[PDB]
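Notes follow once the structure below has been shown.
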2 protein chains.
Amino acid sequence: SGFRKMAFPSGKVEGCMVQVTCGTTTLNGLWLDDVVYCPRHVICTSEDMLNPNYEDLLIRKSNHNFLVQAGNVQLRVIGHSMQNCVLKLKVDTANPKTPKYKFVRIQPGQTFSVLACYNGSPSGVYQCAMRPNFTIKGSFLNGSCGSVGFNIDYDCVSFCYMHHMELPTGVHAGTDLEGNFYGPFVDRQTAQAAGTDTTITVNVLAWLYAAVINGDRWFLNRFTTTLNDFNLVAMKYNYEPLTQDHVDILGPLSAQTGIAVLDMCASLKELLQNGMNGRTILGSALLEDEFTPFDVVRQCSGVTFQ
Amino acid sequence: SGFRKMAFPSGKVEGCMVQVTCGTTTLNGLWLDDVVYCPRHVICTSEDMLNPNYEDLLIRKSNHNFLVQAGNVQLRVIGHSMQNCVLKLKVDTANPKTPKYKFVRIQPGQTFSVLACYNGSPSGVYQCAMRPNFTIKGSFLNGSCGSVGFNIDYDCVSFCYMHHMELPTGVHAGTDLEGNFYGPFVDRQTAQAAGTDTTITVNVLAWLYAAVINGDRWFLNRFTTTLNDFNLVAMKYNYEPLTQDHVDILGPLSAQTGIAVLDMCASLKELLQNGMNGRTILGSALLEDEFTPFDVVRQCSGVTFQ
Ligand SMILES: CC(C)(C)OC(=O)Nc1cccn([C@H](CC2CC2)C(=O)N[C@@H](C[C@@H]2CCNC2=O)[C@H](O)C(=O)NCc2ccccc2)c1=O
Ligand SMILES: CC(C)(C)OC(=O)Nc1cccn([C@H](CC2CC2)C(=O)N[C@@H](C[C@@H]2CCNC2=O)[C@H](O)C(=O)NCc2ccccc2)c1=O
Ligand SMILES: [Cl-]
């Protein structure tokens, strides 16, 4: 037993990280088969980032202006193209460590592991949620651009995130691996509103089921509620409305614990109205929303990869 | 910016995990050079674990009774020995993925990454502290025994922990890689007291410095205190006494922030007496003690490995 914010084992991704340098700027790239993916802002100076014309900036660059290093190994660039906000550098060597992989665009409220990298070198791994407002609350310093987010399914790495920027509010924005930003963000150093964030209700409920499974039961009450009554409460506390799709995804946790989803909603309701009264749930003094229902099942059933 | 509970990249350790089976029991082993390390309780039945005579149980086992599998690869066992609570299985093949490594016995309050494994297969990575009472609050299910804790320094993996058991209170106990338990625990299914745990004061102070560096400053007050006055407060709230060695380790964080360690102690004092008044620090509603001073420096300076 016990419950931890667990990241995927990072080894398959570690083998794909490289350093990419263009003029003055170095950041991380992702080397899969004979393509290296990195943020297109690798071609910008600090001045350019204020208001970049990426098409005009990229026209000045040739293959030989992209320095790509895998460890101490220099890769030869034989092609470059821009796809949305990412650069694809064709190289003359397929990465021998290329894992089975897919590119996925994740939904808001879904979770993934970030491998924070500097100069092509892995420094740390952590688990986070795509916020409803399409930001992430990460840990990123200079040089971390090009760091990637991912999920693993047995032997398949599903890349979902590439780090592009820190907003002036200190939260993080980036793209899928086709270079499409999550949310309204652009790769420009300008004020950008992220808009109202909300709590991921289905995740909080999943984590309450995890708590019950681990013997943290104090918040279970004598009450039930309705989807509509609960959503009146969710609206007031800036929680995502719960839908029947959410109820359906929680079904297996309901089944094991014998706690009807709407009964757990009444427990959540009472926590939102009353607070935690100085107590904790799975060692947290707030309601945790960075576990999906799928996360809780995996952890509570100890599912592995390779 | 931002601050996350980050684990080490796990790839170097993933390459060392194997499955070990003896009679009915399978768990994880650690394959370094031509030795596989695993918990000696691999030789026990459920009945044996009640009151094992490990010397008498091991005498019944021969090399060929230890089934060791690295992926789909069967390793040949040419030697076995018991060292304290671990078994060392000599195998006829050196692990080609053996990273540079050391065996270390860590101090209470030090942190490390756990790679949770089942049947020799990595499932997840998370960061935790060795509690002052020599337990860890992990996430471990059946089959996770032999999972290891570690730190990385550039290219060197320092193994510090091997998972042996869950106490009836739901916390976790294990050994260094020489098989010596952390704390008073034995590898027997019997009631075992862990004794009073305490909060790791130097870690909480390190995390308050991390908060200030990230712009979370609300808890900074107009007060200072003395080491003795602060330790009167630490005693009352079951915090570890702060020593001048702790003050010295915090020096670099003091220097950058301009906040004298004893001023930060007065902030901590006020938080312990007054509580958080429904506010958060780096997205936590309680005082976090699973970051060392060394952790905060690494993260706040973005230090990498290979
Ligand atoms: C003085 C303190 C507060 C300690 O640091 C900064 O102001 N740092 C930065 C200010 C402005 C830009 N950056 C870098 C680019 C370096 C100036 C040349 C930057 O934005 N780097 C990161 C991503 C950011 C940094 C903090 N958190 C993040 O996620 C990224 O790796 C990158 O390469 N961005 C492209 C880029 C290139 C030039 C100018 C801006 C951005 C900084 O690190
Ligand atoms: C019914 C529920 C509550 C869901 O599960 C259990 O009671 N589980 C277990 C009860 C008793 C023992 N174990 C295993 C051993 C299996 C029975 C054969 C066990 O202790 N396994 C783990 C470590 C534990 C399990 C939970 N958290 C941990 O850290 C370990 O991998 C191992 O191999 N231990 C050696 C061992 C061998 C035989 C009997 C006890 C222990 C269990 O998993
Ligand atoms: Cl909390």
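We name chains A, B, ... following the order of the structure tokens; residues begin at 1 in each chain, and ligands are numbered from 1 as shown.
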Exercise answer, chain B residues close to chain A, 7 Å and only C-alpha atoms, as a PyMOL selection string: chain B and resi 1-11+14+118+121-126+137-141+170+285-286+302-306
For chain B against ligand 2, with a cut-off of 9 Å and counting only C-alpha atoms and all ligand atoms, what is the closest atom pair and its distance in Å to one decimal for every residue that makes the cut, ordered by chain and number, as a Markdown table?
| residue | atom | partner | partner_atom_place_in_ligand_line | distance |
| --- | --- | --- | --- | --- |
| B:24 | CA | ligand 2 | 18 (C) | 8.3 |
| B:25 | CA | ligand 2 | 37 (C) | 6.3 |
| B:26 | CA | ligand 2 | 33 (O) | 6.4 |
| B:27 | CA | ligand 2 | 33 (O) | 5.4 |
| B:28 | CA | ligand 2 | 31 (O) | 7.8 |
| B:39 | CA | ligand 2 | 35 (C) | 8.1 |
| B:40 | CA | ligand 2 | 35 (C) | 8.9 |
| B:41 | CA | ligand 2 | 35 (C) | 5.5 |
| B:42 | CA | ligand 2 | 35 (C) | 6.3 |
| B:43 | CA | ligand 2 | 37 (C) | 8.2 |
| B:44 | CA | ligand 2 | 37 (C) | 5.8 |
| B:45 | CA | ligand 2 | 38 (C) | 5.1 |
| B:46 | CA | ligand 2 | 39 (C) | 3.6 |
| B:47 | CA | ligand 2 | 39 (C) | 7.0 |
| B:48 | CA | ligand 2 | 38 (C) | 7.4 |
| B:49 | CA | ligand 2 | 39 (C) | 5.4 |
| B:50 | CA | ligand 2 | 40 (C) | 8.0 |
| B:118 | CA | ligand 2 | 31 (O) | 8.0 |
| B:138 | CA | ligand 2 | 29 (O) | 8.5 |
| B:139 | CA | ligand 2 | 27 (N) | 7.7 |
| B:140 | CA | ligand 2 | 29 (O) | 4.6 |
| B:141 | CA | ligand 2 | 26 (C) | 4.1 |
| B:142 | CA | ligand 2 | 43 (O) | 3.8 |
| B:143 | CA | ligand 2 | 31 (O) | 3.5 |
| B:144 | CA | ligand 2 | 31 (O) | 4.3 |
| B:145 | CA | ligand 2 | 31 (O) | 3.5 |
| B:146 | CA | ligand 2 | 31 (O) | 7.1 |
| B:147 | CA | ligand 2 | 31 (O) | 8.6 |
| B:163 | CA | ligand 2 | 29 (O) | 7.0 |
| B:164 | CA | ligand 2 | 30 (C) | 6.4 |
| B:165 | CA | ligand 2 | 29 (O) | 4.5 |
| B:166 | CA | ligand 2 | 29 (O) | 4.3 |
| B:167 | CA | ligand 2 | 29 (O) | 8.1 |
| B:170 | CA | ligand 2 | 27 (N) | 7.7 |
| B:171 | CA | ligand 2 | 29 (O) | 8.3 |
| B:172 | CA | ligand 2 | 29 (O) | 6.4 |
| B:173 | CA | ligand 2 | 29 (O) | 8.1 |
| B:187 | CA | ligand 2 | 35 (C) | 8.6 |
| B:188 | CA | ligand 2 | 41 (C) | 8.2 |
| B:189 | CA | ligand 2 | 40 (C) | 6.9 |
DSSP-assigned strand (DSSP E) among range 68-187 of chain B, expressed as a PyMOL selection string: chain B and resi 68-70+73-75+77-83+86-91+100-103+111-118+121-129+148-153+156-166+172-175
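Within 10 Å of residue 61 in chain B, once only C-alpha atoms are used and residues closer than 5 positions along the same chain are dropped, the contacting residues are residues 22, 23, 43, 56, 66 and 80 of chain B.
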Just N, CA and C atoms for this one: save the residues we selected as a PDB file, in the first residue's frame.
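result-v7.pdb was written with the following content:
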ATOM      1  N   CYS B  22      12.655 -18.163  -6.404  1.00  0.00           N
ATOM      2  CA  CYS B  22      13.146 -19.281  -5.583  1.00  0.00           C
ATOM      3  C   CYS B  22      11.891 -19.970  -5.062  1.00  0.00           C
ATOM      4  N   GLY B  23      11.727 -21.249  -5.390  1.00  0.00           N
ATOM      5  CA  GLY B  23      10.478 -21.992  -5.147  1.00  0.00           C
ATOM      6  C   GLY B  23       9.283 -21.213  -5.645  1.00  0.00           C
ATOM      7  N   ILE B  43      13.790 -16.678  -0.267  1.00  0.00           N
ATOM      8  CA  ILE B  43      13.844 -18.154  -0.009  1.00  0.00           C
ATOM      9  C   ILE B  43      12.681 -18.597   0.891  1.00  0.00           C
ATOM     10  N   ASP B  56      19.126 -21.875   8.170  1.00  0.00           N
ATOM     11  CA  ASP B  56      18.560 -23.226   7.928  1.00  0.00           C
ATOM     12  C   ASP B  56      17.784 -23.259   6.606  1.00  0.00           C
ATOM     13  N   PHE B  66      17.742 -20.954  -7.790  1.00  0.00           N
ATOM     14  CA  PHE B  66      17.557 -19.490  -7.991  1.00  0.00           C
ATOM     15  C   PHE B  66      17.391 -19.202  -9.479  1.00  0.00           C
ATOM     16  N   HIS B  80      26.061 -18.567  -4.542  1.00  0.00           N
ATOM     17  CA  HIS B  80      25.117 -17.800  -3.692  1.00  0.00           C
ATOM     18  C   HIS B  80      25.731 -17.582  -2.309  1.00  0.00           C
TER      19      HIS B  80
END
Members of range 29-210 of chain A assigned helix (DSSP H, G or I) by DSSP, as a VMD selection string: chain A and resid 40 to 43 48 to 50 54 to 59 63 to 65 201 to 210
Long-range neighbours of range 205-207 of chain A as a PyMOL selection string, 8 Å cut-off, only C-alpha atoms, 3 positions minimum in chain: chain A and resi 201-202+210-211+250+253+264-265+268+288-289+291-293+296
Exercise: residue 240 in chain B partners within 10 Å, only C-alpha atoms, chain neighbours under 2 positions left out, as a PyMOL selection string: chain B and resi 109+132+197-202+231+234-235+237-238+242-243
What lies within 12 Å of residue 103 in chain B using only C-alpha atoms, ignoring chain neighbours under 4 positions off, as a tab-separated table (two decimals) with N, CA, C and O atoms, in the first residue's frame?
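Done, and the output landed in result_37.tsv:
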chain	number	residue	atom	x	y	z
B	30	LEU	N	18.84	-6.76	-8.32
B	30	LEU	CA	19.70	-5.71	-8.88
B	30	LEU	C	20.97	-6.38	-9.40
B	30	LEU	O	21.71	-6.97	-8.59
B	32	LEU	N	24.42	-6.02	-11.11
B	32	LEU	CA	25.61	-5.15	-11.28
B	32	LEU	C	26.84	-6.03	-11.46
B	32	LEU	O	27.10	-6.87	-10.58
B	37	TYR	N	21.76	-8.91	-6.54
B	37	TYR	CA	21.44	-8.62	-5.13
B	37	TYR	C	19.93	-8.70	-4.99
B	37	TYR	O	19.26	-8.02	-5.75
B	148	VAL	N	14.74	-0.70	-5.65
B	148	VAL	CA	15.90	0.01	-5.05
B	148	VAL	C	15.71	1.53	-5.08
B	148	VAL	O	14.95	2.05	-5.94
B	149	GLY	N	16.33	2.18	-4.10
B	149	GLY	CA	16.44	3.64	-3.98
B	149	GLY	C	17.86	4.07	-4.32
B	149	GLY	O	18.80	3.31	-4.09
B	150	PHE	N	18.02	5.28	-4.84
B	150	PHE	CA	19.31	5.70	-5.43
B	150	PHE	C	19.33	7.21	-5.56
B	150	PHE	O	18.25	7.82	-5.67
B	151	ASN	N	20.55	7.72	-5.65
B	151	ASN	CA	20.89	9.10	-6.08
B	151	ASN	C	21.85	8.99	-7.28
B	151	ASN	O	22.50	7.94	-7.43
B	152	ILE	N	21.89	10.02	-8.12
B	152	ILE	CA	22.88	10.03	-9.22
B	152	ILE	C	23.78	11.26	-9.08
B	152	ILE	O	23.29	12.27	-8.60
B	156	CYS	N	27.53	8.60	-11.88
B	156	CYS	CA	27.62	7.59	-10.80
B	156	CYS	C	26.28	7.45	-10.06
B	156	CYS	O	25.79	8.43	-9.43
B	157	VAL	N	25.75	6.24	-10.13
B	157	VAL	CA	24.54	5.81	-9.37
B	157	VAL	C	25.00	5.32	-7.99
B	157	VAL	O	25.74	4.31	-7.91
B	158	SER	N	24.53	6.00	-6.95
B	158	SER	CA	24.74	5.64	-5.54
B	158	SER	C	23.48	4.94	-5.06
B	158	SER	O	22.54	5.64	-4.72
B	159	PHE	N	23.51	3.61	-4.99
B	159	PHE	CA	22.40	2.82	-4.42
B	159	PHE	C	22.42	2.93	-2.91
B	159	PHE	O	23.46	2.67	-2.30
B	160	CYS	N	21.28	3.25	-2.30
B	160	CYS	CA	21.19	3.42	-0.86
B	160	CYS	C	20.11	2.55	-0.24
B	160	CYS	O	20.15	2.42	0.97
B	161	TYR	N	19.16	2.03	-1.01
B	161	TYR	CA	17.97	1.38	-0.43
B	161	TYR	C	17.58	0.15	-1.25
B	161	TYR	O	17.54	0.25	-2.46
B	162	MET	N	17.21	-0.93	-0.57
B	162	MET	CA	16.48	-2.07	-1.18
B	162	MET	C	15.23	-2.35	-0.34
B	162	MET	O	15.34	-2.38	0.89
B	175	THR	N	16.78	-2.08	3.46
B	175	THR	CA	18.20	-2.23	3.81
B	175	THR	C	19.02	-1.32	2.91
B	175	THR	O	18.53	-0.88	1.89
B	176	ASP	N	20.27	-1.13	3.29
B	176	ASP	CA	21.31	-0.68	2.33
B	176	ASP	C	21.64	-1.88	1.44
B	176	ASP	O	21.08	-2.98	1.65
B	177	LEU	N	22.56	-1.73	0.52
B	177	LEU	CA	22.88	-2.83	-0.43
B	177	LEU	C	23.87	-3.83	0.17
B	177	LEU	O	24.23	-4.77	-0.58
B	178	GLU	N	24.36	-3.63	1.40
B	178	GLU	CA	25.06	-4.66	2.21
B	178	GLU	C	24.05	-5.43	3.08
B	178	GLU	O	24.48	-6.30	3.84
B	179	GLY	N	22.75	-5.16	2.96
B	179	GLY	CA	21.75	-5.97	3.66
B	179	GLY	C	21.48	-5.57	5.08
B	179	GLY	O	20.73	-6.31	5.73
B	180	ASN	N	22.00	-4.42	5.53
B	180	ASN	CA	21.79	-3.90	6.90
B	180	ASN	C	20.51	-3.07	6.88
B	180	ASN	O	20.45	-2.08	6.16
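From CA of residue 65 in chain A back to CA of residue 29 in chain A, the distance works out to 15.1 Å.
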